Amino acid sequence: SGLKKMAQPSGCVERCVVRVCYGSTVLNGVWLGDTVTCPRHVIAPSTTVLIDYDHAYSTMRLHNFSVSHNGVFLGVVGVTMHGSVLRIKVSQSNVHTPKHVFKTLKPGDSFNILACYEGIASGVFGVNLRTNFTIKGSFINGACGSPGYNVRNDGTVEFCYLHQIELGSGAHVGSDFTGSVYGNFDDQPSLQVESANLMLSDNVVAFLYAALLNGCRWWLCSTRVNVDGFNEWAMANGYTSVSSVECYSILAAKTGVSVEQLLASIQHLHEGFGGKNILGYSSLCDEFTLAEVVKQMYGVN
């Protein structure tokens, strides 16, 4: 039993990370085959004023790159720019390149961030892409380029995030590997503020199924609320819509509690826990996808 917000093992990704230097600026790159992808502001001239990236890229000289890994040398052959990322071609093909694909996160999706500095993985943690296209992460200076990823069952790494910026709120933004910044924020020192963050209802439902299956039932209401009724309530209260109730059929089954009843319970529980806890949490928790709960409670053989 238990529910921990865990990260998929980081090993396959650790060996794809590299230090990318331009001038004196240093951040992380993701080396797959003979390409290091990395955030493009490694070439930015300065933080305070708006950056002409077109100009920076046209005036960018290869001789000021230095791409290393654990002290070893990767040569730069050339550099293209694609949205907010550079694709640095390099002389060696990363022998540790994993079977991978590039995949763009929708909000609600969960993924793993490997926090890296100077091309070295320092930490790993799970996180959800929020409705406002930010994540709540922990990144200090030098964390840009830290990759985010998921790993499928066939061992396939889905590379889906490259850390780029921290908004004034503390919320974190990155791009996918095509260079599209999540939520169409700009990788500039500008004043951008994120929309309001909604509670990811689906994840709250899965959380509550998990609580049930871990013998935590005190909160459970005898009220039922249908999907349309819930969705309407949600808009008014800072919550997302809830997906088809059939998604949860396995957990409905195993607990004998319907989504409808959990949706209702969500509404009462919105008002506070009264000093009680649900699996340790003191307010409702949307950290966990359905898939996470199912995998964590049932997902071996």
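Rigid core: the largest C-alpha set superposing within 1.5 Å between the two forms. All residue numbers are counted from 1 along the displayed sequence.
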Quick check: by Cα RMS after rigid core superposition, does 142-150 or 191-199 differ more from this form in 5 other deposited structures of this protein? 191-199
Name the stretch that deviates more in 5 other deposited structures of this protein: 26-34, or 264-272? Use RMS CA distance to the shown form, core superposed. 264-272
Determine, for stretches 115-123 and 100-108, which one has the higher mean CA B-factor as deposited. 100-108
Please compare 154-162 with 213-221 and say which has the higher mean C-alpha temperature factor in the record. 213-221
Checking the entry, which one of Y149, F139, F230, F133 has the top C-alpha B factor? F230
Sort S244, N28, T35, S68 by C-alpha B-factor from the entry and give me just the highest. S244
Would you mind checking where the Cα B-factor of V42 ranks among the modelled residues of its chain, as the lowest, middle or highest third? lowest
Third of the chain, ranked by Cα B-factor, where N277 sits: highest
By the record's CA B-factor, is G183 among the lowest, middle or highest third of residues in the chain? highest
Against its chain's modelled residues, does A143's Cα B factor rank lowest, middle or highest third? lowest
Could you say whether, by C-alpha temperature factor, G174 belongs to the lowest, middle or highest third of its chain? lowest
